[PDB]
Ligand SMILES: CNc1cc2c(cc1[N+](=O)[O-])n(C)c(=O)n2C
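The chain below stands alone, shown as structure tokens; this is the form deposited without the named molecule.
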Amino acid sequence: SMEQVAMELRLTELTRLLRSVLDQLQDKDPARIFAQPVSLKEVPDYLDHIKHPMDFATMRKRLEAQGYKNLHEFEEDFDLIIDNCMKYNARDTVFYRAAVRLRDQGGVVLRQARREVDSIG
């Protein structure tokens, strides 16, 4: 149908906007602490601690399959990255600190993204 196509154009444009959001968030992680999945070879107990691991490469695979229906689902995954880290790592670690800084800096980007998504529909 023509409607399914219109719908698919909106999802594609949302994907376009979320790809830009993802790039902006990922720039706030210049150390690349959050770039890839925590290695289960190197942290073999990780899944005993963290039940839903997340990272930027995994979000990108979902994004490129148009697997985010709305900004809320995208933000859920970004929050997992931060929240998993702040639980697994202690406060005095470079990892915890990196998550706090990503959260704080990401807030600005996510604030305007929400306005853009509501605005453009």
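In case it trips you up, residue 1 is the first one in the sequence shown, and so on.
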Exercise. Using only the Cα atoms and their B-factors as the entry lists them, report which of 45-53 and 63-71 averages higher.
Key: 63-71
Quiz item: Between 75-83 and 35-43, which has the higher average C-alpha B-factor in the PDB entry?
Solution: 35-43
Practice problem: Looking at the entry's B-factor column for C-alpha atoms only, identify whether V21 ranks in the lowest, middle or highest third of its chain. | Solution: middle
Exercise. Sorting the chain's modelled residues by C-alpha B-factor, tell me whether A113 ends up in the lowest, middle or highest third.
Key: middle
Quiz item: For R103, does the deposited CA B-factor place it in the lowest, middle or highest third of the chain?
Solution: middle
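Beyond what is shown, the protein has a form solved in complex with the named molecule; the following relates to that form.
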Quiz item: Can any non-hydrogen atom of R32 be found within 4.5 angstroms of the named molecule in the deposited complex?
Solution: yes
Self-check item: Partner contact for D92 in the deposited complex: the named molecule, 4.5 angstroms, heavy atom
Solution: no
Quiz item: Does the named molecule come within 4.5 Å of any heavy atom of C85 in the deposited complex?
Solution: yes
Quiz prompt | Residue contact check: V38 to the named molecule in the deposited complex, 4.5 Å heavy atom | solution = yes
